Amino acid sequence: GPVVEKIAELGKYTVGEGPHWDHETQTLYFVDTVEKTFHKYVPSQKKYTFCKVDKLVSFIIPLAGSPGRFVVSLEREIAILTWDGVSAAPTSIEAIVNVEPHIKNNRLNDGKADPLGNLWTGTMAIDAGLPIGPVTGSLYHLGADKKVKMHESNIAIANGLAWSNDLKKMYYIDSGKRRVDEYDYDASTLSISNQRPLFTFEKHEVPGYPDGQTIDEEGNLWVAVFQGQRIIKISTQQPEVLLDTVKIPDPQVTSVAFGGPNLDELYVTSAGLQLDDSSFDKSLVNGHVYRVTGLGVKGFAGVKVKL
């Protein structure tokens, strides 16, 4: 039995999201995708800080080679933020590229570096809905030439990403599809192909929607279940295998990242935003951050964006 601990020091988030563990500094970064804020937590020293901007944000990833610089999303722009990690505002903002300059009602959502340091991220309608709503999103990667490439389209809610330990597969979540997809990934050309469902929620009586995900060193996926009050562990060796379920007190679990000095603590974000048609009463929906220990696996440190 794992132990789930609420991290009291951190408070409650409207939509806590995009956790990233920087192993060199033993620091957890994450966002609130509605409150327009970035967050830094240093567990060993019990230090917490935040930063404010005036656009919607969805990820924050340290830039390789440049301490104090971070690649972030600002609505539809991918930008570099220079930040001292403690002041309430960045020192400077440099825009890299607007991925969808003429689609005014879209925003970036989940994003992550692949193991080579390429940023992958997807867009969605700002007013996307569950279970049905506008489907306007696409999946991109950003090349070290600051030019974007599109890999998938017709995405409702661009969400969790992960890659296999051998760089042969990519895993991807469009929350609106209520499944986890797998793709063949060609690291040489950064092309994906052969889209196939890996895990379908309806086949296993799993409530809610897949949101963020990460992979452990045994190659298993850990998937946050928004409106399922849980994280699930699924196999990548064989389709449609549910390995384990860990209940999280917050119903709107949003994402996951391994961290801690041995990479065997799982940090879990959630959302306190109370939605129309929730399966959960308001008193339950808080938006805390959790630490899960005793899972018996390790994960990997967060990869920096090379850019």
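By rigid core we mean the largest C-alpha set that fits within 1.5 Å across both forms. All residue numbers refer to positions in the sequence shown, first residue = 1.
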| note | RMS over structures and residues, CA atoms, rigid core fit in 8 other deposited structures of this protein: 160 to 168 vs 141 to 149, larger is 141 to 149
| request: Could you settle it for me: does 107 to 115 or 187 to 195 have the higher average Cα B factor in the PDB entry? | output: 187 to 195
| task | Quick one: say whether 124 to 132 or 160 to 168 has the higher mean Cα B-factor in the deposited entry. | result | 124 to 132
| field | Deposited CA B-factor, highest of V71, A89, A224, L74 | value | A89
| task | Among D250, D264, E35, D54, single out the one with the highest C-alpha B factor in the record, please. | result | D264
| field | Lowest, middle or highest third - CA B-factor, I215 | value | middle
| field | Chain-relative CA temperature factor third for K12 | value | middle
| When the modelled residues of the chain are sorted by Cα temperature factor, does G260 land in the lowest, middle or highest third? | highest
| said: What third of the chain does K233 rank in for C-alpha temperature factor, lowest, middle or highest? | reply: middle
| query | Should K298 be placed in the lowest, middle or highest third of its chain by the C-alpha B factor in the entry? | reply | highest
